[PDB]
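These notes concern the structure reproduced below.
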Amino acid sequence: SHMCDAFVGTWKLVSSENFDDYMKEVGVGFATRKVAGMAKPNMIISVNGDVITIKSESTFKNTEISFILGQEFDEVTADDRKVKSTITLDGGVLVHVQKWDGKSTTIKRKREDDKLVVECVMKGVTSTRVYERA
Ligand SMILES: O=C(O)[C@H]1CCCC[C@H]1COc1cccc(C(F)(F)F)c1
């Protein structure tokens, strides 16, 4: 057993707060905000050795990242940013920093009761996205 055991599984979005304002702060344009904001993604998290994979599937886009903790990688986000990402574990929280165009956003993923809670921060703006097991 290991590092991210409690994250592994298939998860479905059950609530979102302040996501439009997060996306605005990130620089996402109107039509992508509207369509992406409707989506109810499924997130599939798996671990194989040191490699963590996070897959997201939705009506809008499917995304997938695979990574080693602490090791920077290139990521294409769902809104089509080309970013440089580093993901670490800090006190049981997955902390994901994305850098692009001199900007930065941080996404935290944590287990809270039977939920997986995702907090997305861009400058002073936070969005909270709650997932439950599928
Ligand atoms: O909810 C989350 O896990 C977060 C993760 C960080 C970025 C924001 C949000 C992902 O937001 C979206 C919104 C629409 C569709 C998709 C995807 F299925 F294409 F991945 C993803």
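Identifiers for the structure tokens are assigned positionally: chains receive A, B, ... in sequence, residues are indexed from 1 per chain, and ligands are indexed from 1 in the order shown.
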Determine, counting only C-alpha atoms, which protein, DNA and RNA residues have an atom within 8 Å of an atom of range 27-40 of chain A; residues of the same chain fewer than 4 positions away are not included. Present the result as a PDB file with N, CA and C atoms, in the first residue's frame.
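The new file around.pdb reads:
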ATOM      1  N   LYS A  12     -17.001  11.037  -9.551  1.00  0.00           N
ATOM      2  CA  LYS A  12     -17.924  11.829 -10.360  1.00  0.00           C
ATOM      3  C   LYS A  12     -18.157  13.170  -9.663  1.00  0.00           C
ATOM      4  N   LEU A  13     -18.211  14.257 -10.429  1.00  0.00           N
ATOM      5  CA  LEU A  13     -18.461  15.585  -9.888  1.00  0.00           C
ATOM      6  C   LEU A  13     -19.899  15.679  -9.356  1.00  0.00           C
ATOM      7  N   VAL A  14     -20.008  16.131  -8.112  1.00  0.00           N
ATOM      8  CA  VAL A  14     -21.299  16.343  -7.487  1.00  0.00           C
ATOM      9  C   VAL A  14     -21.598  17.789  -7.105  1.00  0.00           C
ATOM     10  N   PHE A  19     -16.789  28.362  -9.981  1.00  0.00           N
ATOM     11  CA  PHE A  19     -15.954  27.889 -11.094  1.00  0.00           C
ATOM     12  C   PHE A  19     -15.877  28.884 -12.233  1.00  0.00           C
ATOM     13  N   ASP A  20     -16.983  29.566 -12.541  1.00  0.00           N
ATOM     14  CA  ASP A  20     -16.938  30.556 -13.619  1.00  0.00           C
ATOM     15  C   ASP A  20     -15.925  31.657 -13.299  1.00  0.00           C
ATOM     16  N   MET A  23     -12.406  30.375 -13.743  1.00  0.00           N
ATOM     17  CA  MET A  23     -12.067  30.329 -15.145  1.00  0.00           C
ATOM     18  C   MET A  23     -11.815  31.725 -15.728  1.00  0.00           C
ATOM     19  N   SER A  58     -15.455  13.853 -19.960  1.00  0.00           N
ATOM     20  CA  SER A  58     -16.679  14.597 -19.935  1.00  0.00           C
ATOM     21  C   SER A  58     -17.203  14.754 -21.314  1.00  0.00           C
ATOM     22  N   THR A  59     -18.405  15.348 -21.413  1.00  0.00           N
ATOM     23  CA  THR A  59     -18.997  15.658 -22.722  1.00  0.00           C
ATOM     24  C   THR A  59     -18.170  16.718 -23.414  1.00  0.00           C
ATOM     25  N   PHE A  60     -17.467  17.555 -22.681  1.00  0.00           N
ATOM     26  CA  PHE A  60     -16.734  18.668 -23.280  1.00  0.00           C
ATOM     27  C   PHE A  60     -15.393  18.240 -23.854  1.00  0.00           C
ATOM     28  N   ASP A  79      -9.177  23.581 -21.184  1.00  0.00           N
ATOM     29  CA  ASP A  79      -9.352  24.864 -21.914  1.00  0.00           C
ATOM     30  C   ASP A  79      -8.216  25.194 -22.882  1.00  0.00           C
TER      31      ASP A  79
END
Counting only C-alpha atoms, which residues of range 47-100 of chain A fall within 9 Å of range 107-131 of chain A, and what is the closest atom pair for each with its distance in Å at one decimal, ordered by chain and rising number, as CSV?
residue,atom,partner,partner_atom,distance
A:92,CA,A:110,CA,7.2
A:93,CA,A:110,CA,5.0
A:94,CA,A:109,CA,5.1
A:95,CA,A:108,CA,4.7
A:96,CA,A:107,CA,5.0
A:97,CA,A:107,CA,6.5
A:98,CA,A:107,CA,8.3
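For residue 5 in chain A, the set of protein, DNA and RNA residues having any atom at most 10 Å away, when counting only C-alpha atoms and skipping those fewer than 6 positions along the same chain, is residues 45, 46 and 47 of chain A.
Nearest residue to residue 102 in chain A among A:61, A:24, A:74, A:83 is A:83, counting only C-alpha atoms.
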List every residue of range 21-63 of chain A that DSSP, applied to the backbone of this structure, assigns to strand (DSSP E), and report them as a short mmCIF file (atom, residue, chain, number, x, y, z; two decimals) with N, CA and C atoms, in the first residue's frame.
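Just written: out12.cif:
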data_model
loop_
_atom_site.label_atom_id
_atom_site.label_comp_id
_atom_site.auth_asym_id
_atom_site.auth_seq_id
_atom_site.Cartn_x
_atom_site.Cartn_y
_atom_site.Cartn_z
N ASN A 42 -16.13 12.83 -14.98
CA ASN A 42 -15.65 11.68 -14.21
C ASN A 42 -14.12 11.75 -14.18
N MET A 43 -13.55 11.53 -13.02
CA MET A 43 -12.12 11.54 -12.83
C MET A 43 -11.68 10.13 -12.42
N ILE A 44 -10.73 9.57 -13.12
CA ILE A 44 -10.24 8.21 -12.89
C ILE A 44 -8.76 8.37 -12.48
N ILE A 45 -8.46 7.97 -11.24
CA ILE A 45 -7.12 8.09 -10.68
C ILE A 45 -6.55 6.69 -10.48
N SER A 46 -5.35 6.44 -10.96
CA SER A 46 -4.69 5.17 -10.79
C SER A 46 -3.21 5.40 -10.51
N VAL A 47 -2.57 4.38 -9.94
CA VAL A 47 -1.15 4.39 -9.63
C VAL A 47 -0.52 3.09 -10.09
N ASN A 48 0.61 3.19 -10.75
CA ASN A 48 1.37 2.01 -11.19
C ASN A 48 2.81 2.33 -10.90
N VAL A 51 4.27 6.03 -11.00
CA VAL A 51 3.53 6.86 -11.97
C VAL A 51 2.06 6.93 -11.59
N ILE A 52 1.60 8.17 -11.39
CA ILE A 52 0.19 8.49 -11.08
C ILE A 52 -0.44 8.92 -12.38
N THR A 53 -1.66 8.42 -12.64
CA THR A 53 -2.43 8.86 -13.82
C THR A 53 -3.75 9.42 -13.31
N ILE A 54 -4.09 10.61 -13.82
CA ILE A 54 -5.40 11.25 -13.60
C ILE A 54 -6.02 11.50 -14.95
N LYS A 55 -7.13 10.80 -15.21
CA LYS A 55 -7.90 10.90 -16.42
C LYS A 55 -9.20 11.62 -16.10
N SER A 56 -9.63 12.54 -16.95
CA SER A 56 -10.93 13.15 -16.82
C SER A 56 -11.71 12.97 -18.07
N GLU A 57 -12.94 12.57 -17.91
CA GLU A 57 -13.81 12.39 -19.05
C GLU A 57 -15.07 13.17 -18.90
N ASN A 62 -12.01 15.16 -23.05
CA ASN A 62 -11.32 14.18 -22.23
C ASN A 62 -9.86 14.61 -22.09
N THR A 63 -9.32 14.51 -20.89
CA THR A 63 -7.93 14.84 -20.60
C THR A 63 -7.25 13.67 -19.85
#
### Task
Go through A:78, A:6, A:68, A:26 and flag the residue nearest ligand 1, using only C-alpha atoms and all ligand atoms for the distances.
A:78
### Message
Just the number, please: distance in Å from CA of residue 71 in chain A to CA of residue 91 in chain A, one decimal.
### Response
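Here the two named atoms are 17.8 Å from each other.
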### Query
Interatomic distance between atom 8 (C, counted along the ligand's line) of ligand 1 and CA of residue 41 in chain A?
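Result for atom 8 (C, counted along the ligand's line) of ligand 1 versus CA of residue 41 in chain A: 9.8 Å, one decimal.
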### Query
How far is it from CA of residue 133 in chain A to CA of residue 22 in chain A, in Å with one decimal?
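Result for CA of residue 133 in chain A versus CA of residue 22 in chain A: 24.4 Å, one decimal.
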### Task
Could you please write out, as a list in words, every residue of chain A that DSSP assigns to alpha helix (DSSP H)?
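Output for chain A, alpha helix (DSSP H) only: residues 19, 20, 21, 22, 23, 24, 25, 26, 30, 31, 32, 33, 34, 35, 36, 37 and 38 of chain A.
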### A:7, A:89, A:1, A:82 ranked by distance to residue 101 in chain A, top pick (using only C-alpha atoms)
A:82
### Query
So, counting only C-alpha atoms and all ligand atoms, which residue among A:25, A:90, A:64, A:75 is closest to ligand 1?
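For ligand 1, the nearest of the given residues is A:64.
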